Number of protein chains: 2
Amino acid sequence: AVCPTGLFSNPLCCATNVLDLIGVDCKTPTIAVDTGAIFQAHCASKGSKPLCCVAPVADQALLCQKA
Amino acid sequence: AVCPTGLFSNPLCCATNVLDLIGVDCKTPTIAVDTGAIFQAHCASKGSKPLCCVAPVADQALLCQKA
Ligand SMILES: CCCCCCCS[C@@H]1O[C@H](CO)[C@@H](O)[C@H](O)[C@H]1O
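The deposited coordinates, according to the entry record, derive from X-ray crystallography at 1.00 Å resolution.

Here it is, written out as structure tokens:
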């Protein structure tokens, strides 16, 4: 997968990050993200970072880890 | 690598985990853990899980993410 299983299992595209534990301005991908390269490329095309977060939906500030 | 870069970049072998945010009874690897398979096997040989943690030191309870 592109994220580990467990709490931090949801791939999101986030505008930025804080201390590799929080994602800021996070949105769900608009494609299936089958590989890490594709996840990174998809988010990058929107200016965002590919993070693995605790929720599968968009929000302004989330617990997220680096992919 | 076996851990992302950033704050949670330190591979440790931890006896257990809590909420994919805490590693419990963590120790540094005693061999080089240069691939995910080697990391997993090494930690498993001590009954432990391969976690990516915020410090490169043995510690009983610290911030760690799933690899
Ligand atoms: C938002 C929390 C960010 C976590 C940073 C962990 C860096 S690891 C460890 O953390 C100790 C506190 O538990 C600090 O006293 C010590 O200086 C630091 O090296």
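Student: What should I look at first to understand the sheet that holds strand β1 (residues 10-18) of chain A in this one?
Tutor: The strands making up a sheet associate through hydrogen bonds between their backbones, and the pairing can be parallel or antiparallel. All names here are of chain A. Taken in spatial order, the four strands of this closed barrel run β1-β2-β4-β3, and their pairing is antiparallel. Here the average twist between neighbouring strands, direction ignored, is 65 degrees. The sheet contact formed by strand β2 (residues 22-27) and strand β4 (residues 59-66) spans four bridges and is antiparallel. By the bridge assignment, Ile22 is partnered in β4 with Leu63. Across the sheet, helix α1 (residues 36-44) lies against β1 and β3 (49-53), angled at about 115 degrees from β3, the strand it touches most.

Student: Can you walk me through the relation of the copies chain B and chain A in this structure?
Tutor: Note: a rotation about an axis with an accompanying shift along it relates these two copies of the chain. Taken as rigid bodies, chain B and chain A are interconverted by a rotation of 180 degrees and an axial shift of 0.0 Å, the fit giving an RMSD of 0.2 Å. As the rotation angle and translation indicate, the two copies are arranged about a two-fold axis. Minimal C-alpha distance to the rotation axis in chain B is attained by B:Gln65, lying at 3.9 Å. Taken as a fraction of all interface residues of chain B, those also at the interface in chain A reach 100%, which identifies the copy contact as same-surface.

Student: I'm lost on the pairing of β2(A) in this one. Help?
Tutor: Regular strands show a simple pattern: their side chains alternate between the two faces of the sheet. All names here are of chain A. Two elements, β1 and β2, share five bridges in a ladder whose sense is antiparallel. Pairing of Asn17 across the sheet is with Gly23, part of β2. Between β1 and β2, which follow one another and run antiparallel, lie three residues, and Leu19 among them has a positive phi close to 55 degrees.

Student: Sorry, what's going on with the sheet that holds strand β4 (residues 59-66) of chain B here?
Tutor: With respect to topology, four strands assemble into a closed barrel ordered β1-β2-β4-β3 (chain B), the strand pairing being antiparallel. Direction aside, the axes of adjacent strands within the sheet are offset by 70 degrees on average.

Student: Sorry if this is basic, but what is going on with the pattern of salt bridges here?
Tutor: Close approach of charged atoms allows side chains with opposite charge to pair. Counted by the stated rule, this structure contains one salt bridge over all chains. With its nearest N and O atoms 2.5 Å apart, the salt bridge here joins B:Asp25 to B:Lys27.

Student: Even after reading the chapter, I still don't get a nonpolar patch on the surface, so can you show me in this structure?
Tutor: Residues A:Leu7, B:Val18, B:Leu19, B:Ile22 and B:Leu63 make up a contiguous nonpolar surface patch of roughly 400 Å² in combined accessible area. Its relative accessible area of 35% is what places B:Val18 among the partly exposed residues.

Student: Please explain the interface of chain B and chain A as it appears in this structure.
Tutor: Accessible area lost during the coming together of the parts is what is often quoted as the interface size. Contacts between the two partners involve eleven residues from chain B and, on the opposite side, eleven residues from chain A. Here chain B and chain A share an interface that buries about 890 Å² over both sides, 60% of which is from carbon and sulfur atoms. Considering only the side of chain B, the residues that lose the most area to chain A are B:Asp20, B:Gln65 and B:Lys66, jointly responsible for 43% of the buried surface there.

About the cut-offs
- Residues numbered from 1 in each chain as written, not as in the entry; some residues may be left out.
- Chains lettered and ligands numbered in written order.
- Heavy atoms only, no water.
- Pairing = 2+ DSSP bridges.
- Helix = DSSP H or I, 4+ residues; strand = E, 2+ residues; numbered from the N terminus.
- Axes fitted to C-alpha atoms, helices over the stretch in contact; angles between N-to-C directions.
- Contact = heavy atoms within 4.5 Å.
- Least-squares fit on C-alpha atoms.
- Salt bridge = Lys/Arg side-chain N within 4 Å of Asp/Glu carboxyl O.
- Patch = residues over 30% accessible without salt bridge, like charges linked within 9 Å, V, L, I, M, F, W, Y side chains within 5 Å.
- Areas by Shrake-Rupley, 256 points an atom, 1.4 Å probe, with all protein chains shown as cover.
- Buried < 20%, exposed > 50% of the residue type's maximum accessible area, 1.4 Å probe, protein only.
- Buried area = accessible area lost by both parts, 1.4 Å probe.

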